[PDB]
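**Student:** This is the structure I want to talk about, given as structure tokens.
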Amino acid sequence: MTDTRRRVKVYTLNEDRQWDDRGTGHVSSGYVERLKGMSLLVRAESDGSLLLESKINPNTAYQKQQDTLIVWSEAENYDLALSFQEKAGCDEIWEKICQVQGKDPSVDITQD
Amino acid sequence: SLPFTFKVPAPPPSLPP
């Protein structure tokens, strides 16, 4: 029954500049009132909680580091990554990011 | 079968930013 198309693992860059597993979940996009924009939303698989709510900032350089990884700087000293079970799901979210930023989804980094 | 499901990003170097 578990959806795999949008199933992801969320990572944050830790104090040793390695990656912390913050849990598996499912990723969607939606407009978030207080962030004034389309945002990436992850619900945790462990308990359904809101794990991630990240505005798609027009100026952020998102990187498609592999066919199933999207990586970006959320703030200073704060780096995030979404790892996708399905390349098709990664492509779906990459398209939304590229649409928000006015970029062609063929790029692998959205800002120069 | 796949070995694992979830890739992880590379650990970033200190230099260059």
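**Student:** Which GluC sites (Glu not before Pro) in the stretch A:49-112 sit in a loop by DSSP (not H, G, I, E or B) and have at most 12 other Cβ atoms within 10 Å of their own Cβ?
**Tutor:** A:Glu76
**Student:** Then there is this: Starting from the 7 Å offset along Cα-to-Cβ, what nm value, one decimal, do you get for the label separation of A:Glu95 and A:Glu76?
**Tutor:** Result: 3.8 nm between the two label points.
**Student:** Related question: Test of understanding: what is the full-extension gain from A:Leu35 to A:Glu86, defined as 0.36 nm times their sequence separation minus their Cα-Cα distance? Numbers along the way, then the final one.
**Tutor:** On the way: separation 51, 0.36 × 51 = 18.36 nm, distance 2.78 nm.
Net length gain for the segment: 15.6 nm.
**Student:** With r defined as the distance between the Cβ atoms of A:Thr12 and A:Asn59 and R0 fixed at 22 Å, what FRET efficiency is calculated, to the nearest 0.05?
**Tutor:** E(calc), rounded to 0.05, equals 0.60.
**Student:** How big is the protein assembly as shown by the Kirkwood estimate over distinct Cα pairs, in Å?
**Tutor:** 15.0 Å
**Student:** Take A:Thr2, A:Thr68, A:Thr110 and order them by how many other Cβ atoms sit within 10 Å, fewest up front.
**Tutor:** Values: A:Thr2 8, A:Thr68 20, A:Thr110 24.
Exposure proxy ranking, most exposed first: A:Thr2, A:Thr68, A:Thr110.
**Student:** Give the average, rounded to an integer, of partner chain Cβ atoms located within 10 angstrom of each Cβ in B:7-15.
**Tutor:** 6
**Student:** What trypsin sites (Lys or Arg not before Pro) in the stretch A:1-83 are in a loop by DSSP, with at most 10 other Cβ atoms within 10 Å of the Cβ?
**Tutor:** Counting only loop positions with at most 10 other Cβ atoms within 10 Å, the trypsin sites (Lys or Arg not before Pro) in the stretch A:1-83 are A:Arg34, A:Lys36.
Every number here is computed from the coordinates shown, using simple stated rules; none is lab data. Here the Cβ is made from the backbone with ideal geometry for all residues, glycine too, and neighbour counts use every protein chain on show.
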